[PDB]
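A.B. asks: pasting the first chains of the complex, positions unchanged:
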Amino acid sequence: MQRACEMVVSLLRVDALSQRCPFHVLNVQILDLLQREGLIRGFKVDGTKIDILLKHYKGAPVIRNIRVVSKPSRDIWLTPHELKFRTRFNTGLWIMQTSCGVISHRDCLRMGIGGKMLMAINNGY
Amino acid sequence: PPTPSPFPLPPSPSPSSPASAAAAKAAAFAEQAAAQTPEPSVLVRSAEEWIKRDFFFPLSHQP
Amino acid sequence: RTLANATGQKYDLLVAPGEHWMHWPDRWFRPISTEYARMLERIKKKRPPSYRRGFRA
Amino acid sequence: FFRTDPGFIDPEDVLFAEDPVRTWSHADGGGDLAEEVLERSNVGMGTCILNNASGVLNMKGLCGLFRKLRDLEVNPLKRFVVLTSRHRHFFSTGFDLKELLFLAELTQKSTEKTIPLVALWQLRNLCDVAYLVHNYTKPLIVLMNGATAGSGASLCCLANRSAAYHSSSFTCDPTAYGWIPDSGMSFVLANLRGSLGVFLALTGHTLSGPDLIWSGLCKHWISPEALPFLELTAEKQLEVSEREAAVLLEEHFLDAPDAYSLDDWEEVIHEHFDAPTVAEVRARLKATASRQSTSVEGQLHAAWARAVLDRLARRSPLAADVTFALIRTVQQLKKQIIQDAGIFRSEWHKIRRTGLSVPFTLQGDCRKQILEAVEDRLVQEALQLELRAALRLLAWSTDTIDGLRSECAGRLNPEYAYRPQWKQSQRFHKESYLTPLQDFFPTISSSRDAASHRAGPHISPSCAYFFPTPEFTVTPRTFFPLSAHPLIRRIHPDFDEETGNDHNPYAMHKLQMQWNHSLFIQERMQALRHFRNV
């Protein structure tokens, strides 16, 4: 779980093209969801470290703000009816860790199952 | 009256990693039965049972 | 919206309008010009018109 | 030493060497690079890299390729899709011979010669991808960075915008393996200048370099170094209008050098390869070989006839008849479909140039429509007849089994390659291999259809679920993305008000099942166990 929070520092760079990241089982699954939304150009497992590319548009990067909700020292859980109040009138991306794999916040409400808020992408206050 | 919507078949050539592909395939079947299995009265089962089910299975569409 | 949609390549539409920035009708393929001098040549080569899906045409 | 000396090399130039293959290290989800198809998230561009162990294009690769092509084409942001490969000195092999060996023994094992469901499932898939690239609504840029072996150029020749370079080759020798060209390869060969395709197919002459673009196969000479640069300046393509986008892409095309090996030999091929019958041209070549060699011109012609005959004598006589009959059949159609309209030689030349440049005037724009209309009809006929001869040959020709094994075993080492005897030449009607076939139950008219032909091979009952008819038809694929919200469905063109949906659930249910590798594996495995056990 500790290695998951170490990906925000590397992926949050302006003047860079590719950054390394420690190899982890959970980290690989997270990158898949981000690529679908069009946030990561691509990634490759280089053995002990994973090389992840950075996407840019008109100079500025596609990622501008990263918020870590879940931490190794504690665990944030929200009911299906409570996640909607938290996440409303926004374009942000919340990573939800449900029993049936990992999915975004939009899919969590559709199934109505209780997920787990891991991190936030392109989120304001 | 209810209106069950059809669910598309999962794609076999999924580009995701093997760990995520297996989870996604299983989750598709759960959604199909979620909307076709009305739940019983709350009083049937214990309180404890309800809490575990909410965090293990999706929510039915016919309460 | 115009910023996120360009990079997000996903539905980033509002609630009131419907598909204003993403909808790009092919205005250079369907409304292509056609002259009466070359129309007779394409009648015998194209599929004959046998359909019923348009009344206001 | 001096900078102006002939044998001068800059030390800095050799220090910045890079591997072109390593440029595609990053790909889509999945750290282990083993997927048959890859994709890179770009802005206004769709990347597609074909990576495989040996460039074997099996059913697994087609399933992924069709999904990515449709997903990118429907997206309005992606104004064009680029295709490329990743193998070293290789390209898409196009259904290698290893897959065909299993389909032959299994089909010929039974006495009734009933084609299994697996055999037809794979063949029909090859036609869908071939038609999509030709009928693409957006530009399709592709480059042949590797060498092509056998019938594997269908993914570049049929593309809307084909390109080539020095590191490219063209090889097509179907007669050696005793197989009919698949993936609609006859359409390109019959559209070449003169009877060039006939000579390139029967003899299997290899071509590489600028000759490919000059012959007529390709139409561009873009360098490989251009593809990576397109991914860096793709954000400025959406600002301009649709017409202005194509103009910018023209800055990457270079000029062609003055070089051609068949400059003077083209006239000989047309003069010789002109008889409608295979047996007739045999005497023509033999007569030239015995011709009295005189002067300078006669010496070159005498040797040409003697060398070409040696190659045709080491192939399958039956295979050569099938390919020649089909290639010439579609070719003769162009001489009648276009002549009946009342077109002249001068007018046709201008229409051909419409594909090499974007029209701007009203007069120029109209000419492009004529080329698109005839091209769409020719490909449909070529593909329809190609499938008819493929199924009958596998169920009747018995010599095809030896050829498949000889080439498959010879790939590992030449020592394992053996030349089979094929079979003695025999006269044929060259009409039974192009007969229509249907599967219809009504038979109150004294066996009106009775399966394929009146007494031809029949199909398995299980093939009546996905494909109601064995003929290759065209499906009305949509051109806009779908949606679930009621507000968005009203914007889709194909949205009927009698149901509130933009698609037919019944029709789409079968489409997804067809393009499914998981379902195909179970069906293929069941057939293999039955063959091995009994």
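C.D. replies: Structure's in. What do you need? Numbers count the residues shown, from 1 in each chain, chains lettered A, B, ... in the order given.

A.B. asks: and chain A, which residues reach chain D?
C.D. replies: Proximity of chain A to chain D (C-beta under 8 Å from any C-beta of the partner chain) is limited to residues A:28, A:31-32, A:35, A:38, A:40-45, A:50-51, A:53, A:55, A:57-58. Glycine gets a C-beta too; all of them are placed from N, C-alpha and C.

A.B. asks: again, only using 10 Å
C.D. replies: With the criterion set to C-beta under 10 Å from any C-beta of the partner chain, chain A comes near chain D through A:18, A:23, A:28-29, A:31-47, A:50-53, A:55-59, A:62.

A.B. asks: my guess is residue D:343 meets residue D:351, correct?
C.D. replies: Yes. Counting by C-beta atoms under 10 Å, residue D:351 is a contact partner of residue D:343 at 8.3 Å.

A.B. asks: what sits in contact with each of those two?
C.D. replies: When contacts are counted by C-beta atoms under 10 Å, 6 or more residues apart in numbering or on different chains, residue D:343 and residue D:351 are jointly contacted by residue D:370.

A.B. asks: Show me where chain C has its helices.
C.D. replies: Applying DSSP state H to chain C gives helices spanning C:2-8, C:36-43.

A.B. asks: do you know which of those lies nearest chain B?
C.D. replies: helix C:2-8 (18.3 Å; C-beta to the nearest C-beta).

A.B. asks: Strands along chain A, start to end?
C.D. replies: Per DSSP state E, chain A carries strands over the ranges A:18-22, A:43-45, A:49-53, A:66-68, A:93-97, A:102-104, A:117-121.

A.B. asks: Name the nearest residue to the residue of the stretch 101-250 of chain D found nearest chain C, ignoring sequence neighbours.
C.D. replies: Per C-beta to the nearest C-beta, residue D:242 is where the stretch 101-250 of chain D lies closest to chain C, at 5.5 Å. Of all residues not flanking residue D:242 in the chain, residue C:28 sits nearest, at 5.5 Å (C-beta to C-beta, 6 or more residues apart in numbering or on different chains).

A.B. asks: how many other residues sit next to the one you found?
C.D. replies: Close neighbours of residue C:28, defined as other C-beta atoms under 10 Å in any protein chain shown, add up to 13.

A.B. asks: The one 4 residues further on now?
C.D. replies: For residue C:32, the count of nearby residues is 14 (other C-beta under 10 Å).

A.B. asks: and if you look at residue A:15?
C.D. replies: Residues near residue A:15, counting by other C-beta under 10 Å, number 6.

A.B. asks: do the one 3 residues further on as well
C.D. replies: Residue crowding around residue A:18 was assessed by other C-beta under 10 Å; the count is 16.

A.B. asks: ok, back up a step: most tightly surrounded among the helices of chain C?
C.D. replies: Across the helices of chain C, averaging neighbours per residue (mean count of other C-beta atoms under 10 Å in any protein chain shown) puts helix C:2-8 on top, at a mean of 16.

A.B. asks: Extend the structure above with chain E:
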Amino acid sequence: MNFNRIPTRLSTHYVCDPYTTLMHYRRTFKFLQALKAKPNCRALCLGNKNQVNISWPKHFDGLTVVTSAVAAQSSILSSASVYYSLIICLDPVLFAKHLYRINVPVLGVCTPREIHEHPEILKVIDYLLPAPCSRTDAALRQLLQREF
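C.D. replies: Adding chain E to the chains above:
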């Protein structure tokens, strides 16, 4: 002789790559061809004093003389977007603070050495033009304009 530190890492320059120059000229030619077609078009050739090979006039239109008092990054070519329509700067490094918010296209011609060391010039320059041999712009443009 030299007693300083010897560098080890060699940085590569992709902006002035030999292949990249192919598209640079092709794209630049299209812009100039369309501009010259219109009537009443004037250009500006801004250089440096060290450029002796390039002749210069006495007076320069649009030049503003200011004093040291209250001169917090004053824009010299503020009024140079009325009479002119295209400026071809030869020393982007020196003319970097004035062309930050200029309302005219800047056809700067820099060198790989300055671009790598001073990337800030990329934002002010709109159309980038290569410079073979990258030594002195005074004798560089003369050869191009006197080819054959």
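
A.B. asks: Re-run the earlier check on the neighbour count of residue A:15 with chain E in the model.
C.D. replies: Residue A:15 is flanked by 7 other residues according to other C-beta under 10 Å.

A.B. asks: Check residue A:60 too.
C.D. replies: Residue A:60 - counted by other C-beta under 10 Å - has 11 other residues nearby.

A.B. asks: List the contacts of the closest residue to it other than its chain neighbours.
C.D. replies: Excluding the flanking residues, the one nearest residue A:60 by C-beta to C-beta, 6+ apart is residue A:14, at 7.6 Å. Each residue near residue A:14 by C-beta under 10 Å, 6+ apart is listed here: A:54, A:56, A:59, A:60, A:61, A:63, A:64.

A.B. asks: Tell me the spacing between residue A:14 and residue D:231.
C.D. replies: For residue A:14, the distance to residue D:231 equals 19 Å [C-beta to C-beta, to the nearest Å].

A.B. asks: just residue E:70 next, same as before
C.D. replies: Applying C-beta to C-beta, the value for residue E:70 to residue D:231 is 48 Å.

A.B. asks: neighbour-wise, which of those two wins?
C.D. replies: residue D:231 (15 against 7).

A.B. asks: Pretty sure that one sits against residue D:47.
C.D. replies: Yes. Using C-beta under 10 Å, residue D:231 makes contact with residue D:47 at a distance of 7.2 Å.

A.B. asks: For chain D, give me its nearest residue in chain A.
C.D. replies: Nearest residue of chain A to chain D, counting by C-beta to the nearest C-beta: residue A:45, 2.9 Å away.

A.B. asks: What is the burial count for that residue?
C.D. replies: Residue A:45 has 19 neighbours, counted by other C-beta under 10 Å.

A.B. asks: That one: what's its closest spatial neighbour, skipping adjacent residues?
C.D. replies: Leaving aside its sequence neighbours, residue A:45 sits nearest to residue D:31 (C-beta to C-beta, 6+ apart; 2.9 Å).

A.B. asks: show me what contacts that neighbour?
C.D. replies: With contact set as C-beta under 10 Å, 6+ apart, residue D:31 has these partners: A:23, A:28, A:31, A:43, A:44, A:45, A:46, A:47, A:50, A:51, B:17.

A.B. asks: Which secondary structure state does it sit in?
C.D. replies: Using DSSP: H, G, I helix; E, B strand; the rest coil, the structure places residue D:31 in coil.

A.B. asks: buried ones in stretch E:101-116?
C.D. replies: Using 16 or more other C-beta atoms under 10 Å in any protein chain shown as the test for burial, stretch E:101-116 gives E:102, E:104, E:106, E:107, E:108, E:109, E:110, E:111, E:112, E:115.

A.B. asks: ranges for the strands of chain B?
C.D. replies: Taking DSSP E as the test, none of chain B falls into strands.

A.B. asks: Which residues belonging to the longest helix belonging to it are considered buried?
C.D. replies: Secondary structure assigned by DSSP H gives helix B:18-34 as the longest helix of chain B. For helix B:18-34, burial by neighbour count (16+ other C-beta under 10 Å) applies to B:20, B:21, B:23, B:24, B:25, B:27, B:31, B:34.

A.B. asks: and chain F, same structure:
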Amino acid sequence: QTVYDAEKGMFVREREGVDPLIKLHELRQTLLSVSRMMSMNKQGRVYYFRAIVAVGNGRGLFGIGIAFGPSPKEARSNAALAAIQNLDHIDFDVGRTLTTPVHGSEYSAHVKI
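C.D. replies: Okay, chain F now, added to the rest:
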């Protein structure tokens, strides 16, 4: 070196270190504060005023300028000059609807919109 202003009809300085292309009849100014400073010399004390005037179009433009002057009236005019020369574009939605709420900081401050 003058520009007409047809409904007022009076001479106005055109250039004066200002871009003439930009219309001056479409922008607005808002006085923030007029601070005062102190300077020491060999004889006594010297005071010079200052002001911070923000100039920007109310459609898609914004800008802040700062300068100094001997008197409050002169300081205001000088401060406005810098705002014009430092005009920057914003990324605003067509629909007049933001996506997410932004937050801002410099030392103790917080400006939540």
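
A.B. asks: Same as before for the neighbour count of residue A:60, with chain F this time.
C.D. replies: Residues near residue A:60, counting by other C-beta under 10 Å, number 12.

A.B. asks: Would you mind listing the residues in contact with it?
C.D. replies: For residue A:60, the contact set (C-beta under 10 Å, 6+ apart) comprises A:14, C:3, C:7, F:91.

A.B. asks: My understanding was that the second one contacts residue F:90; is that so?
C.D. replies: Pointing back at residue C:3 there. No. In this structure, residue C:3 is not within contact of residue F:90 by C-beta under 10 Å, at 12.0 Å.

A.B. asks: and residue D:524, that one's in a helix?
C.D. replies: Yes. Assessed by three-state DSSP, residue D:524 belongs to a helix.

A.B. asks: And the residue of the stretch 51-200 of chain D found nearest chain A, how far from residue C:9?
C.D. replies: When scored by C-beta to the nearest C-beta, the stretch 51-200 of chain D has residue D:77 as its residue closest to chain A, at 9.9 Å. Distance of residue D:77 to residue C:9, computed by C-beta to C-beta: 5 Å.

A.B. asks: intersection of neighbour lists for these two?
C.D. replies: Counting by C-beta under 10 Å, 6+ apart, the residues touching both residue D:77 and residue C:9 are A:38, C:22, D:42, D:43, D:44, D:46.

A.B. asks: which residues of chain E fall in helices?
C.D. replies: E:20-37, E:112-117, E:121-124, E:137-145.

A.B. asks: Give the buried residues for the last one.
C.D. replies: Of the residues in helix E:137-145, those buried under the neighbour-count criterion (16+ other C-beta under 10 Å) are E:137, E:140, E:141.

A.B. asks: Just the CA trace of that helix, in PDB.
C.D. replies: Provided in PDB are the C-alpha atoms of helix E:137-145 (Å, rounded to 0.1, in the frame of the first residue of the first chain):
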ATOM      1  CA  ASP E 137      23.500  35.400 -38.900                       C
ATOM      2  CA  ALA E 138      25.100  38.300 -40.700                       C
ATOM      3  CA  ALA E 139      26.800  36.000 -43.200                       C
ATOM      4  CA  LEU E 140      24.200  33.300 -42.900                       C
ATOM      5  CA  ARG E 141      21.200  34.900 -44.600                       C
ATOM      6  CA  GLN E 142      23.400  36.400 -47.400                       C
ATOM      7  CA  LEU E 143      24.300  32.900 -48.700                       C
ATOM      8  CA  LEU E 144      20.700  31.800 -48.700                       C
ATOM      9  CA  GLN E 145      19.500  34.900 -50.600                       C
END
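
A.B. asks: quick check, that helix touching chain D?
C.D. replies: No. Helix E:137-145 stays out of contact with chain D when judged by C-beta under 10 Å from any C-beta, the minimum separation being 17.2 Å.

A.B. asks: residues in contact with that helix?
C.D. replies: By C-beta under 10 Å, 6+ apart, helix E:137-145 touches E:45, E:47-48, E:50-54, E:88-91, E:109-111, E:129, E:131-134.
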